[PDB]
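See below for protein-v7.txt, which holds compact mmCIF, C-alpha atoms.
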```
# COMPACT_ATOMS: atom_id res chain seq x y z
CA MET L 1 310.20 57.99 106.19
CA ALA L 2 309.84 56.32 102.77
CA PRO L 3 311.76 53.19 103.97
CA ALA L 4 309.39 53.07 106.97
CA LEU L 5 306.30 54.32 105.07
CA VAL L 6 305.64 51.12 103.01
CA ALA L 7 306.36 49.31 106.29
CA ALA L 8 303.60 51.29 108.08
CA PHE L 9 300.85 49.28 106.23
CA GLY L 10 302.35 46.71 103.79
CA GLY L 11 304.89 45.79 106.53
CA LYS L 12 302.04 45.25 109.01
CA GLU L 13 302.09 41.54 108.09
CA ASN L 14 299.48 41.10 110.86
CA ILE L 15 296.99 42.46 108.25
CA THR L 16 293.85 40.26 107.92
CA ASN L 17 293.41 40.61 104.10
CA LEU L 18 295.82 41.79 101.34
CA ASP L 19 295.39 41.39 97.50
CA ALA L 20 298.97 41.77 96.22
CA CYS L 21 299.20 41.63 92.39
CA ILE L 22 301.23 42.61 89.25
CA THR L 23 300.89 46.39 89.85
CA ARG L 24 297.95 46.38 92.29
CA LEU L 25 297.94 45.67 96.06
CA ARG L 26 295.12 46.00 98.65
CA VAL L 27 295.00 46.13 102.49
CA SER L 28 291.53 45.35 103.90
CA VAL L 29 291.85 45.89 107.70
CA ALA L 30 290.86 47.80 110.87
CA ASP L 31 294.40 48.95 111.94
CA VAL L 32 293.45 52.50 110.77
CA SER L 33 293.75 54.03 114.31
CA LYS L 34 296.84 55.90 112.99
CA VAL L 35 297.88 54.30 109.67
CA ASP L 36 299.78 56.46 107.15
CA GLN L 37 297.75 55.43 104.07
CA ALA L 38 297.66 59.08 102.94
CA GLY L 39 301.45 58.67 102.62
CA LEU L 40 301.42 54.96 101.64
CA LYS L 41 299.18 55.76 98.64
CA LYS L 42 301.22 58.42 96.86
CA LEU L 43 304.53 57.07 98.35
CA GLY L 44 304.08 53.27 98.84
CA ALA L 45 301.65 52.69 95.95
CA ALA L 46 300.40 55.05 93.17
CA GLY L 47 296.81 55.63 94.30
CA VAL L 48 294.72 53.81 96.94
CA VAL L 49 291.07 54.07 97.99
CA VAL L 50 289.66 53.66 101.53
CA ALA L 51 286.20 52.09 101.98
CA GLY L 52 285.20 51.26 105.61
CA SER L 53 285.11 47.44 105.17
CA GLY L 54 288.28 47.32 103.03
CA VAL L 55 291.10 49.34 101.42
CA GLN L 56 292.53 49.04 97.88
CA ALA L 57 296.02 50.05 96.62
CA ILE L 58 297.23 50.58 93.05
CA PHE L 59 300.91 50.94 91.99
CA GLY L 60 300.15 51.38 88.26
CA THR L 61 301.09 54.29 85.96
CA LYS L 62 304.05 55.50 88.08
CA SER L 63 304.86 51.92 89.03
CA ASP L 64 308.53 52.17 88.06
CA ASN L 65 308.84 55.45 90.01
CA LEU L 66 307.25 54.05 93.19
CA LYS L 67 308.98 50.66 92.83
CA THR L 68 312.22 52.65 92.33
CA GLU L 69 311.51 54.28 95.71
CA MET L 70 310.88 50.74 97.06
CA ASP L 71 314.24 49.60 95.64
CA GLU L 72 315.90 52.51 97.47
CA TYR L 73 314.51 51.30 100.81
CA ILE L 74 316.04 47.81 100.79
CA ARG L 75 319.27 49.41 99.50
CA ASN L 76 318.95 52.00 102.32
CA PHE L 77 318.20 49.24 104.90
CA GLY L 78 320.15 46.28 103.45
```

Please rewrite the model in this file as structure tokens.
Amino acid sequence: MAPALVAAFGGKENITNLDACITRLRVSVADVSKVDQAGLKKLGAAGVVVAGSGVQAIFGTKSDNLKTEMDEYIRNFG
């Protein structure tokens, strides 16, 4: 699931707004019908916040751990 979890929201390139940054991403959209943010926050990023109107994602603190999981995905799907 982890190699498809990040895909579930960050891989929805269709997204209308996204604030990618050093260790901070964001995903302001209405495709929440069934999104796995609850997983994409502790598994894709390191803490996100949902605010009807926009969504914010933060891969700080345990950035290396989460990014390590990211590295695994491309290596698992290379």

Point out the residue among L:57, L:20, L:74, L:8 with the least atom-to-atom distance to residue 36 in chain L, counting only C-alpha atoms.
L:8

Can you tell me which residues surround range 51-56 of chain L at a distance of at most 7 Å, considering only C-alpha atoms, apart from same-chain residues fewer than 4 positions away, and format the answer as an mmCIF file with C-alpha atoms, keeping the file's coordinate frame?
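Contents of out-v9.cif, as written:
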```
data_model
loop_
_atom_site.group_PDB
_atom_site.id
_atom_site.type_symbol
_atom_site.label_atom_id
_atom_site.label_comp_id
_atom_site.auth_asym_id
_atom_site.auth_seq_id
_atom_site.Cartn_x
_atom_site.Cartn_y
_atom_site.Cartn_z
ATOM 1 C CA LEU L 25 297.940 45.670 96.060
ATOM 2 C CA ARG L 26 295.120 46.000 98.650
ATOM 3 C CA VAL L 27 295.000 46.130 102.490
ATOM 4 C CA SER L 28 291.530 45.350 103.900
ATOM 5 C CA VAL L 29 291.850 45.890 107.700
#
```

Counting all atoms listed in the file, the residue among L:68, L:14, L:23, L:33 that lies closest to residue 47 in chain L is L:23

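Among L:72, L:77, L:59, L:64, the residue with the shortest atom-to-atom distance to residue 21 in chain L, counting only C-alpha atoms, is L:59.
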
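Closest approach to residue 41 in chain L among L:61, L:18, L:69, L:6 is made by L:6 (distances from all atoms listed in the file).
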
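Of the residues under consideration (L:7, L:38, L:44, L:50), L:44 shows the shortest atom-to-atom contact distance to residue 65 in chain L when counting only C-alpha atoms.
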
Excluding residue 66 in chain L and any residue of its chain fewer than 4 positions from it, enumerate the residues within 9 Å of it, using only C-alpha atoms, and give them as a CSV table (one decimal) with C-alpha atoms, in the coordinates of the input.
```
chain,number,residue,atom,x,y,z
L,42,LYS,CA,301.2,58.4,96.9
L,43,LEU,CA,304.5,57.1,98.4
L,44,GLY,CA,304.1,53.3,98.8
L,45,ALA,CA,301.6,52.7,96.0
L,46,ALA,CA,300.4,55.0,93.2
L,59,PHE,CA,300.9,50.9,92.0
L,62,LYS,CA,304.0,55.5,88.1
L,70,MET,CA,310.9,50.7,97.1
L,71,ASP,CA,314.2,49.6,95.6
```

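The space between CA of residue 3 in chain L and CA of residue 63 in chain L spans 16.5 Å.
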
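Closest approach to residue 19 in chain L from the set L:58, L:2, L:78, L:73 is made by L:58, with distances taken over all atoms listed in the file.
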
Could you work out how far CA of residue 30 in chain L lies from CA of residue 17 in chain L, giving the answer in Å with one decimal?
10.2 Å

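What separates CA of residue 22 in chain L from CA of residue 76 in chain L is a distance of 23.9 Å.
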
Can you rebuild range 41-74 of chain L with N, CA and C atoms and give it as a PDB file, in the frame of the given file?
```
ATOM      1  N   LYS L  41     299.897  55.818  99.904  1.00  0.00           N
ATOM      2  CA  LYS L  41     299.180  55.760  98.640  1.00  0.00           C
ATOM      3  C   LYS L  41     299.895  56.465  97.511  1.00  0.00           C
ATOM      4  N   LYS L  42     300.398  57.678  97.812  1.00  0.00           N
ATOM      5  CA  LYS L  42     301.220  58.420  96.860  1.00  0.00           C
ATOM      6  C   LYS L  42     302.693  58.071  97.017  1.00  0.00           C
ATOM      7  N   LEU L  43     303.121  57.410  98.123  1.00  0.00           N
ATOM      8  CA  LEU L  43     304.530  57.070  98.350  1.00  0.00           C
ATOM      9  C   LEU L  43     304.788  55.564  98.339  1.00  0.00           C
ATOM     10  N   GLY L  44     303.878  54.720  98.872  1.00  0.00           N
ATOM     11  CA  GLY L  44     304.080  53.270  98.840  1.00  0.00           C
ATOM     12  C   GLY L  44     303.532  52.742  97.540  1.00  0.00           C
ATOM     13  N   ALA L  45     302.268  53.106  97.208  1.00  0.00           N
ATOM     14  CA  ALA L  45     301.650  52.690  95.950  1.00  0.00           C
ATOM     15  C   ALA L  45     301.464  53.920  95.094  1.00  0.00           C
ATOM     16  N   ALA L  46     300.572  53.903  94.073  1.00  0.00           N
ATOM     17  CA  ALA L  46     300.400  55.050  93.170  1.00  0.00           C
ATOM     18  C   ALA L  46     298.941  55.432  93.127  1.00  0.00           C
ATOM     19  N   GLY L  47     298.235  55.354  94.276  1.00  0.00           N
ATOM     20  CA  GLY L  47     296.810  55.630  94.300  1.00  0.00           C
ATOM     21  C   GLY L  47     296.138  54.522  95.066  1.00  0.00           C
ATOM     22  N   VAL L  48     295.430  54.839  96.177  1.00  0.00           N
ATOM     23  CA  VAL L  48     294.720  53.810  96.940  1.00  0.00           C
ATOM     24  C   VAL L  48     293.341  54.375  97.149  1.00  0.00           C
ATOM     25  N   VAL L  49     292.427  53.587  97.741  1.00  0.00           N
ATOM     26  CA  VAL L  49     291.070  54.070  97.990  1.00  0.00           C
ATOM     27  C   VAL L  49     290.676  53.451  99.307  1.00  0.00           C
ATOM     28  N   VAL L  50     289.968  54.184 100.199  1.00  0.00           N
ATOM     29  CA  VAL L  50     289.660  53.660 101.530  1.00  0.00           C
ATOM     30  C   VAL L  50     288.163  53.501 101.590  1.00  0.00           C
ATOM     31  N   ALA L  51     287.638  52.327 102.018  1.00  0.00           N
ATOM     32  CA  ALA L  51     286.200  52.090 101.980  1.00  0.00           C
ATOM     33  C   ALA L  51     285.814  51.301 103.213  1.00  0.00           C
ATOM     34  N   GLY L  52     285.513  51.968 104.358  1.00  0.00           N
ATOM     35  CA  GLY L  52     285.200  51.260 105.610  1.00  0.00           C
ATOM     36  C   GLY L  52     284.644  49.875 105.358  1.00  0.00           C
ATOM     37  N   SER L  53     285.429  48.798 105.626  1.00  0.00           N
ATOM     38  CA  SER L  53     285.110  47.440 105.170  1.00  0.00           C
ATOM     39  C   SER L  53     286.327  46.897 104.435  1.00  0.00           C
ATOM     40  N   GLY L  54     287.084  47.770 103.728  1.00  0.00           N
ATOM     41  CA  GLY L  54     288.280  47.320 103.030  1.00  0.00           C
ATOM     42  C   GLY L  54     289.053  48.495 102.488  1.00  0.00           C
ATOM     43  N   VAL L  55     290.253  48.245 101.917  1.00  0.00           N
ATOM     44  CA  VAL L  55     291.100  49.340 101.420  1.00  0.00           C
ATOM     45  C   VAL L  55     291.739  48.800 100.170  1.00  0.00           C
ATOM     46  N   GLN L  56     291.977  49.605  99.110  1.00  0.00           N
ATOM     47  CA  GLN L  56     292.530  49.040  97.880  1.00  0.00           C
ATOM     48  C   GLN L  56     293.711  49.870  97.481  1.00  0.00           C
ATOM     49  N   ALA L  57     294.811  49.303  96.925  1.00  0.00           N
ATOM     50  CA  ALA L  57     296.020  50.050  96.620  1.00  0.00           C
ATOM     51  C   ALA L  57     296.433  49.805  95.201  1.00  0.00           C
ATOM     52  N   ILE L  58     296.983  50.797  94.469  1.00  0.00           N
ATOM     53  CA  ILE L  58     297.230  50.580  93.050  1.00  0.00           C
ATOM     54  C   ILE L  58     298.569  51.200  92.715  1.00  0.00           C
ATOM     55  N   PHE L  59     299.574  50.410  92.241  1.00  0.00           N
ATOM     56  CA  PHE L  59     300.910  50.940  91.990  1.00  0.00           C
ATOM     57  C   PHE L  59     301.108  50.935  90.491  1.00  0.00           C
ATOM     58  N   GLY L  60     300.070  51.356  89.722  1.00  0.00           N
ATOM     59  CA  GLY L  60     300.150  51.380  88.260  1.00  0.00           C
ATOM     60  C   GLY L  60     300.786  52.669  87.808  1.00  0.00           C
ATOM     61  N   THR L  61     300.690  52.987  86.491  1.00  0.00           N
ATOM     62  CA  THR L  61     301.090  54.290  85.960  1.00  0.00           C
ATOM     63  C   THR L  61     302.510  54.706  86.319  1.00  0.00           C
ATOM     64  N   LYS L  62     302.727  55.113  87.591  1.00  0.00           N
ATOM     65  CA  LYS L  62     304.050  55.500  88.080  1.00  0.00           C
ATOM     66  C   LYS L  62     304.494  54.341  88.932  1.00  0.00           C
ATOM     67  N   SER L  63     304.479  53.134  88.317  1.00  0.00           N
ATOM     68  CA  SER L  63     304.860  51.920  89.030  1.00  0.00           C
ATOM     69  C   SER L  63     306.362  51.940  89.146  1.00  0.00           C
ATOM     70  N   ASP L  64     307.076  52.148  88.017  1.00  0.00           N
ATOM     71  CA  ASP L  64     308.530  52.170  88.060  1.00  0.00           C
ATOM     72  C   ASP L  64     309.027  53.222  89.031  1.00  0.00           C
ATOM     73  N   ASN L  65     308.368  54.403  89.106  1.00  0.00           N
ATOM     74  CA  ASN L  65     308.840  55.450  90.010  1.00  0.00           C
ATOM     75  C   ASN L  65     308.686  55.000  91.451  1.00  0.00           C
ATOM     76  N   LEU L  66     307.502  54.454  91.805  1.00  0.00           N
ATOM     77  CA  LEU L  66     307.250  54.050  93.190  1.00  0.00           C
ATOM     78  C   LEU L  66     308.109  52.841  93.513  1.00  0.00           C
ATOM     79  N   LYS L  67     308.098  51.811  92.643  1.00  0.00           N
ATOM     80  CA  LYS L  67     308.980  50.660  92.830  1.00  0.00           C
ATOM     81  C   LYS L  67     310.421  51.121  92.928  1.00  0.00           C
ATOM     82  N   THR L  68     310.857  52.143  92.158  1.00  0.00           N
ATOM     83  CA  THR L  68     312.220  52.650  92.330  1.00  0.00           C
ATOM     84  C   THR L  68     312.363  53.103  93.765  1.00  0.00           C
ATOM     85  N   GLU L  69     311.392  53.873  94.311  1.00  0.00           N
ATOM     86  CA  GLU L  69     311.510  54.280  95.710  1.00  0.00           C
ATOM     87  C   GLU L  69     311.577  53.020  96.556  1.00  0.00           C
ATOM     88  N   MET L  70     310.769  51.969  96.271  1.00  0.00           N
ATOM     89  CA  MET L  70     310.880  50.740  97.060  1.00  0.00           C
ATOM     90  C   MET L  70     312.298  50.229  96.992  1.00  0.00           C
ATOM     91  N   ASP L  71     312.886  50.143  95.776  1.00  0.00           N
ATOM     92  CA  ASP L  71     314.240  49.600  95.640  1.00  0.00           C
ATOM     93  C   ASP L  71     315.172  50.349  96.567  1.00  0.00           C
ATOM     94  N   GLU L  72     315.081  51.701  96.569  1.00  0.00           N
ATOM     95  CA  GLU L  72     315.900  52.510  97.470  1.00  0.00           C
ATOM     96  C   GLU L  72     315.817  52.023  98.896  1.00  0.00           C
ATOM     97  N   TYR L  73     314.627  51.615  99.386  1.00  0.00           N
ATOM     98  CA  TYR L  73     314.510  51.300 100.810  1.00  0.00           C
ATOM     99  C   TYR L  73     315.358  50.111 101.201  1.00  0.00           C
ATOM    100  N   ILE L  74     315.284  49.010 100.422  1.00  0.00           N
ATOM    101  CA  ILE L  74     316.040  47.810 100.790  1.00  0.00           C
ATOM    102  C   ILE L  74     317.506  48.164 100.653  1.00  0.00           C
TER     103      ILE L  74
END
```
